[PDB]
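> Provided herewith is a single structure, encoded as structure tokens, for subsequent inquiry.
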Amino acid sequence: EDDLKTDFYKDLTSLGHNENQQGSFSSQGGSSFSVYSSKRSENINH
């Protein structure tokens, strides 16, 4: 008798995740007052 049995199993899995994100919020305001005087201004960046 000569009986030879063999198995080879290989599994490979690979995964990739890559994310690049930006968000900008920009608000500006100015008001001017006349006759008295005033000036008022606002600038935000989020």
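Heads up: the sequence shown is residues 226 to 260, 264 to 274, going by mature numbering (1 follows the signal peptide of the UniProt record, and there is no 0).
Just so you know, even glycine gets a beta-carbon here, dropped at the ideal spot from N, CA and C.
Taking the alpha-carbon of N273 as reference, which of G241, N245, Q253 has the nearest alpha-carbon?
Closest by alpha carbon: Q253.
> Which two residues bound the contiguous beta strand (DSSP E) that contains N245?
Careful: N245 lies outside any beta strand (DSSP E) and carries neither H nor E.
> If you drop the 5 nearest sequence neighbours on each side, which residues of the same chain put their C-beta closer than 8 Å to that of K267?
Cβ neighbours of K267 beyond the five flanking positions: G255, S256, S257, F258.
> Starting from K267, trace the beta strand (DSSP E) both ways and give me its first and last residue.
Where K267 is concerned, the enclosing beta strand (DSSP E) stretches over 266–273.
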